[PDB]
>>> print(open('target13.cif').read())   # mmCIF, C-alpha atoms
data_start
loop_
_atom_site.group_PDB
_atom_site.id
_atom_site.type_symbol
_atom_site.label_atom_id
_atom_site.label_comp_id
_atom_site.auth_asym_id
_atom_site.auth_seq_id
_atom_site.Cartn_x
_atom_site.Cartn_y
_atom_site.Cartn_z
ATOM 1 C CA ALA I 1 -64.130 -67.529 69.251
ATOM 2 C CA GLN I 2 -64.428 -65.778 65.916
ATOM 3 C CA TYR I 3 -66.963 -63.173 67.101
ATOM 4 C CA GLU I 4 -66.290 -61.922 70.632
ATOM 5 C CA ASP I 5 -68.020 -59.582 73.077
ATOM 6 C CA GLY I 6 -65.620 -56.660 73.559
ATOM 7 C CA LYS I 7 -64.038 -57.238 70.152
ATOM 8 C CA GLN I 8 -66.315 -56.734 67.101
ATOM 9 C CA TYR I 9 -69.293 -55.769 69.249
ATOM 10 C CA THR I 10 -70.309 -54.889 72.791
ATOM 11 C CA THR I 11 -73.421 -55.680 74.792
ATOM 12 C CA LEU I 12 -75.831 -53.063 76.112
ATOM 13 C CA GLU I 13 -76.050 -53.352 79.895
ATOM 14 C CA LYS I 14 -79.633 -52.194 79.440
ATOM 15 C CA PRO I 15 -81.326 -53.878 76.415
ATOM 16 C CA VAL I 16 -83.914 -51.804 74.569
ATOM 17 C CA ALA I 17 -87.425 -53.215 74.356
ATOM 18 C CA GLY I 18 -89.137 -53.073 70.977
ATOM 19 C CA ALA I 19 -86.070 -51.718 69.177
ATOM 20 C CA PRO I 20 -85.602 -51.929 65.381
ATOM 21 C CA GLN I 21 -83.759 -55.106 64.311
ATOM 22 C CA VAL I 22 -80.824 -53.155 62.850
ATOM 23 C CA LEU I 23 -80.554 -49.517 63.908
ATOM 24 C CA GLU I 24 -77.995 -47.057 62.552
ATOM 25 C CA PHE I 25 -77.408 -43.517 63.871
ATOM 26 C CA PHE I 26 -75.727 -40.845 61.785
ATOM 27 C CA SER I 27 -75.458 -37.143 61.074
ATOM 28 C CA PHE I 28 -75.088 -35.386 57.733
ATOM 29 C CA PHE I 29 -72.524 -33.153 59.575
ATOM 30 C CA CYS I 30 -70.411 -36.131 60.636
ATOM 31 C CA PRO I 31 -67.219 -36.638 58.563
ATOM 32 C CA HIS I 32 -66.869 -40.315 59.550
ATOM 33 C CA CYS I 33 -70.541 -40.708 58.623
ATOM 34 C CA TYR I 34 -69.814 -39.344 55.147
ATOM 35 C CA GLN I 35 -67.057 -41.981 54.874
ATOM 36 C CA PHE I 36 -69.332 -44.711 56.207
ATOM 37 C CA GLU I 37 -72.162 -43.960 53.778
ATOM 38 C CA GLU I 38 -70.536 -42.456 50.672
ATOM 39 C CA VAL I 39 -67.165 -44.261 50.499
ATOM 40 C CA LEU I 40 -67.511 -47.451 52.530
ATOM 41 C CA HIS I 41 -71.241 -47.961 51.808
ATOM 42 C CA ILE I 42 -71.667 -49.644 55.204
ATOM 43 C CA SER I 43 -75.505 -49.565 55.227
ATOM 44 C CA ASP I 44 -75.593 -51.099 51.751
ATOM 45 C CA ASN I 45 -73.143 -53.855 52.643
ATOM 46 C CA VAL I 46 -74.963 -54.688 55.842
ATOM 47 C CA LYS I 47 -78.333 -54.963 54.067
ATOM 48 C CA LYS I 48 -76.898 -57.282 51.373
ATOM 49 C CA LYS I 49 -76.116 -59.868 54.016
ATOM 50 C CA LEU I 50 -79.116 -59.484 56.312
ATOM 51 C CA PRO I 51 -81.412 -62.476 56.926
ATOM 52 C CA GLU I 52 -84.806 -62.476 55.246
ATOM 53 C CA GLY I 53 -87.352 -60.521 57.258
ATOM 54 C CA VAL I 54 -84.781 -58.264 58.893
ATOM 55 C CA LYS I 55 -85.212 -54.565 58.142
ATOM 56 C CA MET I 56 -82.550 -51.858 58.460
ATOM 57 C CA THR I 57 -83.506 -48.588 60.160
ATOM 58 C CA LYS I 58 -81.480 -45.381 59.968
ATOM 59 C CA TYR I 59 -81.966 -42.361 62.303
ATOM 60 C CA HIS I 60 -80.375 -38.901 62.240
ATOM 61 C CA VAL I 61 -79.040 -37.186 65.379
ATOM 62 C CA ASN I 62 -79.223 -33.563 66.577
ATOM 63 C CA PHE I 63 -75.995 -32.984 68.469
ATOM 64 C CA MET I 64 -73.829 -31.884 65.533
ATOM 65 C CA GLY I 65 -74.458 -28.639 63.690
ATOM 66 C CA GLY I 66 -76.743 -26.659 65.976
ATOM 67 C CA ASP I 67 -79.927 -25.294 64.391
ATOM 68 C CA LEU I 68 -78.988 -26.827 61.039
ATOM 69 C CA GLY I 69 -78.320 -30.199 62.663
ATOM 70 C CA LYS I 70 -81.886 -30.175 64.018
ATOM 71 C CA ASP I 71 -83.222 -29.051 60.658
ATOM 72 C CA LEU I 72 -81.473 -32.081 59.154
ATOM 73 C CA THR I 73 -83.069 -34.446 61.676
ATOM 74 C CA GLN I 74 -86.465 -32.963 60.775
ATOM 75 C CA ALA I 75 -85.703 -33.284 57.056
ATOM 76 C CA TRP I 76 -84.609 -36.895 57.585
ATOM 77 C CA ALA I 77 -88.021 -37.389 59.239
ATOM 78 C CA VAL I 78 -89.579 -35.946 56.076
ATOM 79 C CA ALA I 79 -87.543 -38.401 53.989
ATOM 80 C CA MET I 80 -88.791 -41.318 56.072
ATOM 81 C CA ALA I 81 -92.402 -40.112 55.947
ATOM 82 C CA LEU I 82 -92.287 -39.726 52.168
ATOM 83 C CA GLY I 83 -90.148 -42.791 51.536
ATOM 84 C CA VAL I 84 -87.467 -40.895 49.619
ATOM 85 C CA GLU I 85 -84.387 -41.778 51.681
ATOM 86 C CA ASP I 86 -82.559 -43.249 48.682
ATOM 87 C CA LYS I 87 -83.117 -40.108 46.671
ATOM 88 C CA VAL I 88 -81.891 -37.570 49.167
ATOM 89 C CA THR I 89 -79.130 -39.293 51.144
ATOM 90 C CA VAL I 90 -76.323 -38.629 48.643
ATOM 91 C CA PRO I 91 -77.215 -35.008 47.836
ATOM 92 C CA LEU I 92 -77.712 -34.180 51.537
ATOM 93 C CA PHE I 93 -74.267 -35.580 52.463
ATOM 94 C CA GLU I 94 -72.713 -33.797 49.480
ATOM 95 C CA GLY I 95 -74.582 -30.557 50.184
ATOM 96 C CA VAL I 96 -73.461 -30.421 53.805
ATOM 97 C CA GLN I 97 -69.896 -31.755 53.482
ATOM 98 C CA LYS I 98 -68.668 -31.607 49.872
ATOM 99 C CA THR I 99 -70.066 -28.450 48.255
ATOM 100 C CA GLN I 100 -71.119 -26.984 51.628
ATOM 101 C CA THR I 101 -74.072 -25.360 49.870
ATOM 102 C CA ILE I 102 -76.445 -26.461 52.619
ATOM 103 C CA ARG I 103 -76.398 -23.713 55.222
ATOM 104 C CA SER I 104 -80.105 -23.248 56.038
ATOM 105 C CA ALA I 105 -83.408 -25.143 56.202
ATOM 106 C CA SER I 106 -84.300 -23.702 52.801
ATOM 107 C CA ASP I 107 -81.106 -25.171 51.336
ATOM 108 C CA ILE I 108 -82.152 -28.578 52.642
ATOM 109 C CA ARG I 109 -85.564 -28.190 51.057
ATOM 110 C CA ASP I 110 -83.905 -27.334 47.733
ATOM 111 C CA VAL I 111 -82.305 -30.812 47.691
ATOM 112 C CA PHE I 112 -85.770 -32.370 47.965
ATOM 113 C CA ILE I 113 -87.226 -30.056 45.275
ATOM 114 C CA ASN I 114 -84.328 -30.861 42.940
ATOM 115 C CA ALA I 115 -84.850 -34.580 43.618
ATOM 116 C CA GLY I 116 -88.447 -34.301 42.378
ATOM 117 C CA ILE I 117 -90.407 -33.982 45.618
ATOM 118 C CA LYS I 118 -93.189 -31.410 45.134
ATOM 119 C CA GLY I 119 -92.883 -28.259 47.242
ATOM 120 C CA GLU I 120 -96.402 -28.655 48.644
ATOM 121 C CA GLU I 121 -95.614 -32.254 49.507
ATOM 122 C CA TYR I 122 -92.384 -31.358 51.305
ATOM 123 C CA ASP I 123 -93.939 -28.446 53.179
ATOM 124 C CA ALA I 124 -96.957 -30.443 54.347
ATOM 125 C CA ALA I 125 -94.666 -33.216 55.645
ATOM 126 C CA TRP I 126 -92.236 -30.712 57.216
ATOM 127 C CA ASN I 127 -95.034 -29.117 59.233
ATOM 128 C CA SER I 128 -96.862 -32.376 60.034
ATOM 129 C CA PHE I 129 -97.306 -34.029 63.416
ATOM 130 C CA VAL I 130 -96.355 -37.325 61.786
ATOM 131 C CA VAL I 131 -92.913 -35.773 61.175
ATOM 132 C CA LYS I 132 -92.773 -34.300 64.700
ATOM 133 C CA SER I 133 -93.361 -37.819 66.087
ATOM 134 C CA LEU I 134 -90.633 -39.166 63.768
ATOM 135 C CA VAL I 135 -88.225 -36.538 65.124
ATOM 136 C CA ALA I 136 -89.202 -37.544 68.660
ATOM 137 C CA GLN I 137 -88.731 -41.247 67.779
ATOM 138 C CA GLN I 138 -85.202 -40.571 66.592
ATOM 139 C CA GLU I 139 -84.393 -38.604 69.756
ATOM 140 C CA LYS I 140 -85.927 -41.358 71.946
ATOM 141 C CA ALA I 141 -83.905 -44.067 70.244
ATOM 142 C CA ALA I 142 -80.685 -42.142 70.901
ATOM 143 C CA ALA I 143 -81.611 -41.904 74.583
ATOM 144 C CA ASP I 144 -82.531 -45.599 74.748
ATOM 145 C CA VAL I 145 -79.136 -46.806 73.511
ATOM 146 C CA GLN I 146 -77.433 -44.062 75.568
ATOM 147 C CA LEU I 147 -75.828 -42.819 72.360
ATOM 148 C CA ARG I 148 -72.441 -41.116 72.714
ATOM 149 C CA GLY I 149 -71.267 -40.648 69.145
ATOM 150 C CA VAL I 150 -71.919 -41.343 65.482
ATOM 151 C CA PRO I 151 -71.730 -43.355 63.319
ATOM 152 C CA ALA I 152 -73.198 -46.140 65.432
ATOM 153 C CA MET I 153 -75.171 -49.303 64.889
ATOM 154 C CA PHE I 154 -77.198 -51.461 67.281
ATOM 155 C CA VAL I 155 -78.706 -54.890 66.676
ATOM 156 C CA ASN I 156 -81.992 -56.114 68.261
ATOM 157 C CA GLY I 157 -81.611 -53.432 70.923
ATOM 158 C CA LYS I 158 -78.956 -55.568 72.638
ATOM 159 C CA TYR I 159 -75.608 -55.301 70.848
ATOM 160 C CA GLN I 160 -73.472 -52.350 69.699
ATOM 161 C CA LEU I 161 -71.152 -52.626 66.706
ATOM 162 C CA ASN I 162 -67.528 -52.000 67.706
ATOM 163 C CA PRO I 163 -65.546 -50.984 64.593
ATOM 164 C CA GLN I 164 -62.683 -50.116 66.953
ATOM 165 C CA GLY I 165 -62.206 -53.848 67.498
ATOM 166 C CA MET I 166 -62.227 -54.756 63.802
ATOM 167 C CA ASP I 167 -59.501 -54.650 61.142
ATOM 168 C CA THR I 168 -58.678 -51.219 59.671
ATOM 169 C CA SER I 169 -56.188 -52.514 57.056
ATOM 170 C CA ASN I 170 -58.050 -52.587 53.790
ATOM 171 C CA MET I 171 -61.213 -50.611 53.970
ATOM 172 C CA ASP I 172 -62.862 -53.554 52.208
ATOM 173 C CA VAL I 173 -62.024 -56.271 54.785
ATOM 174 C CA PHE I 174 -63.164 -53.741 57.368
ATOM 175 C CA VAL I 175 -66.508 -53.286 55.570
ATOM 176 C CA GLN I 176 -66.891 -57.043 55.089
ATOM 177 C CA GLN I 177 -66.125 -57.678 58.752
ATOM 178 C CA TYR I 178 -68.593 -55.007 59.835
ATOM 179 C CA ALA I 179 -71.318 -56.439 57.595
ATOM 180 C CA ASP I 180 -70.496 -60.041 58.678
ATOM 181 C CA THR I 181 -70.689 -58.992 62.339
ATOM 182 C CA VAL I 182 -74.112 -57.396 61.917
ATOM 183 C CA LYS I 183 -75.356 -60.598 60.284
ATOM 184 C CA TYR I 184 -73.892 -62.696 63.123
ATOM 185 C CA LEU I 185 -75.583 -60.457 65.710
ATOM 186 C CA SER I 186 -78.918 -60.542 63.907
ATOM 187 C CA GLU I 187 -79.023 -64.331 64.298
ATOM 188 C CA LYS I 188 -77.728 -64.291 67.888
#
>>> encode(input="target13.cif", output="structure tokens")
Amino acid sequence: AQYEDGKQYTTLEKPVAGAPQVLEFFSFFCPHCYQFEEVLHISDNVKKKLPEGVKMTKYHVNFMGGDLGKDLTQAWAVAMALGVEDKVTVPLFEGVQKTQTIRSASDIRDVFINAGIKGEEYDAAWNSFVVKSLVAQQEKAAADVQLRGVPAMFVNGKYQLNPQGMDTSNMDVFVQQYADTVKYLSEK
């Protein structure tokens, strides 16, 4: 067939109950993640094709970058709590990987301040239990899909995107195929 298990996607031997419809894992330390988000715009292209009533969820992971990697997961939790993901995603990727001006938790916070988030607002979120639960949720989700690497994407807690089985010719057919596959899986 056109879409095949073991080709564009694989199937979780242990399906995750109550999982987000479309779940992406990434790290701001992850070079392929920078490519996925900032050059290929995979999230964006996926969302443009998603069925009505299907939401995309994006979680950060701890295992790259040590203390700073964890700080970034906690800051991503702050972004989710405040609803400012689309204001901080580009400057966080650029701060960590392009300018490499993000070296500490304070440097992360600066990105939020510069993006117009009030200091009091950031600090209250950063120290909140709502954010601690969001950090825990992200960690739990990684465990549930038995995550081994990033970037990664899972659909309805049952299927894992397999970019290794897609075309790597033109970046654009690749992106289209990835996005088309997510849509196929969402309706499966």
>>> atom_distance(input="target13.cif", atom1="atom CA of residue I:63", atom2="atom CA of residue I:154")
18.6 Å
>>> atom_distance(input="target13.cif", atom1="atom CA of residue I:7", atom2="atom CA of residue I:53")
26.8 Å
>>> closest_residue(input="target13.cif", among="I:59, I:93, I:122, I:174", to="residue I:38", atoms="all atoms listed in the file")
I:93
>>> resolve_selection(input="target13.cif", expression="the PyMOL selection byres ((chain I and resi 45) around 12)", output="number ranges by chain")
I: 36-44, 46-50, 56, 172-183
>>> resolve_selection(input="target13.cif", expression="the PyMOL selection byres ((chain I and resi 158) around 8)", output="list in words")
residues 11, 12, 14, 15, 16, 154, 155, 156, 157, 159 and 160 of chain I
>>> write_last_selection(input="target13.cif", atoms="C-alpha atoms", output="mmCIF file, keeping the file's coordinate frame")
data_model
loop_
_atom_site.group_PDB
_atom_site.id
_atom_site.type_symbol
_atom_site.label_atom_id
_atom_site.label_comp_id
_atom_site.auth_asym_id
_atom_site.auth_seq_id
_atom_site.Cartn_x
_atom_site.Cartn_y
_atom_site.Cartn_z
ATOM 1 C CA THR I 11 -73.421 -55.680 74.792
ATOM 2 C CA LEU I 12 -75.831 -53.063 76.112
ATOM 3 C CA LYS I 14 -79.633 -52.194 79.440
ATOM 4 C CA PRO I 15 -81.326 -53.878 76.415
ATOM 5 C CA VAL I 16 -83.914 -51.804 74.569
ATOM 6 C CA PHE I 154 -77.198 -51.461 67.281
ATOM 7 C CA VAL I 155 -78.706 -54.890 66.676
ATOM 8 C CA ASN I 156 -81.992 -56.114 68.261
ATOM 9 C CA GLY I 157 -81.611 -53.432 70.923
ATOM 10 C CA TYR I 159 -75.608 -55.301 70.848
ATOM 11 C CA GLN I 160 -73.472 -52.350 69.699
#
>>> closest_residue(input="target13.cif", among="I:34, I:57, I:68, I:138", to="residue I:90", atoms="all atoms listed in the file")
I:34
>>> closest_residue(input="target13.cif", among="I:28, I:112, I:129, I:3", to="residue I:162", atoms="all atoms listed in the file")
I:3
>>> closest_residue(input="target13.cif", among="I:103, I:109, I:55, I:70", to="residue I:19", atoms="all atoms listed in the file")
I:55
>>> residues_around(input="target13.cif", residues="stretch 145-151 of chain I", least_positions_apart="2", cutoff="6 Å", atoms="all atoms listed in the file", output="ChimeraX atom specification")
/I:25-26,33,142-143
>>> resolve_selection(input="target13.cif", expression="the PyMOL selection byres ((chain I and resi 105) around 9)", output="compact mmCIF listing (two decimals) with C-alpha atoms, keeping the file's coordinate frame")
# COMPACT_ATOMS: atom_id res chain seq x y z
CA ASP I 67 -79.93 -25.29 64.39
CA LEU I 68 -78.99 -26.83 61.04
CA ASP I 71 -83.22 -29.05 60.66
CA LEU I 72 -81.47 -32.08 59.15
CA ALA I 75 -85.70 -33.28 57.06
CA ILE I 102 -76.44 -26.46 52.62
CA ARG I 103 -76.40 -23.71 55.22
CA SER I 104 -80.10 -23.25 56.04
CA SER I 106 -84.30 -23.70 52.80
CA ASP I 107 -81.11 -25.17 51.34
CA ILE I 108 -82.15 -28.58 52.64
CA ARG I 109 -85.56 -28.19 51.06
CA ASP I 110 -83.90 -27.33 47.73
>>> residues_around(input="target13.cif", residues="residue I:165", least_positions_apart="3", cutoff="10 Å", atoms="all atoms listed in the file", output="short mmCIF file (atom, residue, chain, number, x, y, z; two decimals) with C-alpha atoms, in the coordinates of the input")
data_model
loop_
_atom_site.label_atom_id
_atom_site.label_comp_id
_atom_site.auth_asym_id
_atom_site.auth_seq_id
_atom_site.Cartn_x
_atom_site.Cartn_y
_atom_site.Cartn_z
CA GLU I 4 -66.29 -61.92 70.63
CA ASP I 5 -68.02 -59.58 73.08
CA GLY I 6 -65.62 -56.66 73.56
CA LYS I 7 -64.04 -57.24 70.15
CA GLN I 8 -66.32 -56.73 67.10
CA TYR I 9 -69.29 -55.77 69.25
CA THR I 10 -70.31 -54.89 72.79
CA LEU I 161 -71.15 -52.63 66.71
CA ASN I 162 -67.53 -52.00 67.71
CA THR I 168 -58.68 -51.22 59.67
#
>>> closest_residue(input="target13.cif", among="I:13, I:35, I:84, I:29", to="residue I:64", atoms="all atoms listed in the file")
I:29
>>> closest_residue(input="target13.cif", among="I:54, I:30, I:134, I:61", to="residue I:79", atoms="all atoms listed in the file")
I:134
>>> atom_distance(input="target13.cif", atom1="atom CA of residue I:17", atom2="atom CA of residue I:78")
25.2 Å
>>> decode(input="target13.cif", residues="stretch 134-167 of chain I", atoms="N, CA and C atoms", output="short mmCIF file (atom, residue, chain, number, x, y, z; two decimals), in the first residue's frame")
data_model
loop_
_atom_site.label_atom_id
_atom_site.label_comp_id
_atom_site.auth_asym_id
_atom_site.auth_seq_id
_atom_site.Cartn_x
_atom_site.Cartn_y
_atom_site.Cartn_z
N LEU I 134 3.57 20.11 34.88
CA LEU I 134 3.79 20.12 33.43
C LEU I 134 5.15 19.49 33.08
N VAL I 135 6.16 19.75 33.91
CA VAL I 135 7.44 19.07 33.75
C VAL I 135 7.25 17.56 33.91
N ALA I 136 6.56 17.17 34.98
CA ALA I 136 6.30 15.75 35.22
C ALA I 136 5.51 15.09 34.07
N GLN I 137 4.57 15.83 33.50
CA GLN I 137 3.75 15.33 32.39
C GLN I 137 4.62 15.03 31.19
N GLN I 138 5.57 15.93 30.93
CA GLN I 138 6.47 15.76 29.79
C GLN I 138 7.37 14.54 29.99
N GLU I 139 7.85 14.36 31.22
CA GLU I 139 8.71 13.23 31.57
C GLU I 139 7.92 11.91 31.45
N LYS I 140 6.69 11.92 31.95
CA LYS I 140 5.79 10.77 31.90
C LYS I 140 5.51 10.34 30.49
N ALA I 141 5.22 11.31 29.63
CA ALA I 141 4.93 11.02 28.23
C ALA I 141 6.12 10.35 27.56
N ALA I 142 7.34 10.82 27.86
CA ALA I 142 8.53 10.20 27.29
C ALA I 142 8.62 8.73 27.70
N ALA I 143 8.32 8.46 28.97
CA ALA I 143 8.37 7.11 29.50
C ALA I 143 7.32 6.24 28.80
N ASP I 144 6.13 6.80 28.65
CA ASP I 144 4.99 6.07 28.07
C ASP I 144 5.22 5.61 26.64
N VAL I 145 5.89 6.42 25.83
CA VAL I 145 6.20 6.01 24.46
C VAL I 145 7.56 5.34 24.39
N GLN I 146 8.18 5.10 25.54
CA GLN I 146 9.53 4.52 25.62
C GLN I 146 10.50 5.25 24.68
N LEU I 147 10.55 6.57 24.86
CA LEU I 147 11.29 7.45 23.96
C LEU I 147 12.78 7.15 23.96
N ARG I 148 13.37 7.09 22.77
CA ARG I 148 14.80 6.80 22.66
C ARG I 148 15.62 7.92 22.06
N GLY I 149 14.96 8.86 21.40
CA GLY I 149 15.66 9.94 20.72
C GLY I 149 14.70 11.03 20.31
N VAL I 150 15.25 12.18 19.94
CA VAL I 150 14.45 13.26 19.39
C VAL I 150 15.11 13.73 18.08
N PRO I 151 14.34 14.35 17.18
CA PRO I 151 12.90 14.60 17.25
C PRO I 151 12.09 13.33 17.08
N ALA I 152 10.88 13.34 17.60
CA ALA I 152 9.99 12.18 17.49
C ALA I 152 8.56 12.66 17.48
N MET I 153 7.68 11.88 16.86
CA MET I 153 6.28 12.22 16.86
C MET I 153 5.43 10.95 16.94
N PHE I 154 4.39 11.01 17.76
CA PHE I 154 3.50 9.87 17.98
C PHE I 154 2.06 10.29 17.73
N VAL I 155 1.26 9.42 17.11
CA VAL I 155 -0.12 9.77 16.83
C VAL I 155 -1.10 8.84 17.57
N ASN I 156 -2.08 9.45 18.24
CA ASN I 156 -3.07 8.76 19.08
C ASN I 156 -2.48 7.71 20.01
N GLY I 157 -1.28 7.96 20.51
CA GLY I 157 -0.60 7.02 21.39
C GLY I 157 -0.35 5.63 20.82
N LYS I 158 -0.50 5.46 19.51
CA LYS I 158 -0.37 4.14 18.90
C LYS I 158 0.71 4.01 17.83
N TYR I 159 0.98 5.10 17.11
CA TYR I 159 1.89 5.04 15.96
C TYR I 159 3.04 6.04 16.10
N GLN I 160 4.22 5.62 15.68
CA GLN I 160 5.42 6.46 15.71
C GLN I 160 5.87 6.83 14.30
N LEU I 161 6.01 8.12 14.04
CA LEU I 161 6.51 8.56 12.74
C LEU I 161 7.90 7.98 12.49
N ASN I 162 8.14 7.53 11.26
CA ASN I 162 9.41 6.93 10.88
C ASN I 162 10.08 7.64 9.71
N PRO I 163 10.66 8.82 9.96
CA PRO I 163 11.25 9.61 8.86
C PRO I 163 12.36 8.83 8.15
N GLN I 164 12.95 7.86 8.84
CA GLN I 164 13.94 6.99 8.21
C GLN I 164 13.41 6.21 7.02
N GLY I 165 12.10 5.97 7.00
CA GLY I 165 11.47 5.25 5.91
C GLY I 165 10.84 6.11 4.84
N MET I 166 11.07 7.42 4.93
CA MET I 166 10.50 8.39 3.98
C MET I 166 11.56 8.84 2.98
N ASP I 167 11.18 9.68 2.02
CA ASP I 167 12.16 10.19 1.07
C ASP I 167 12.94 11.41 1.59
#
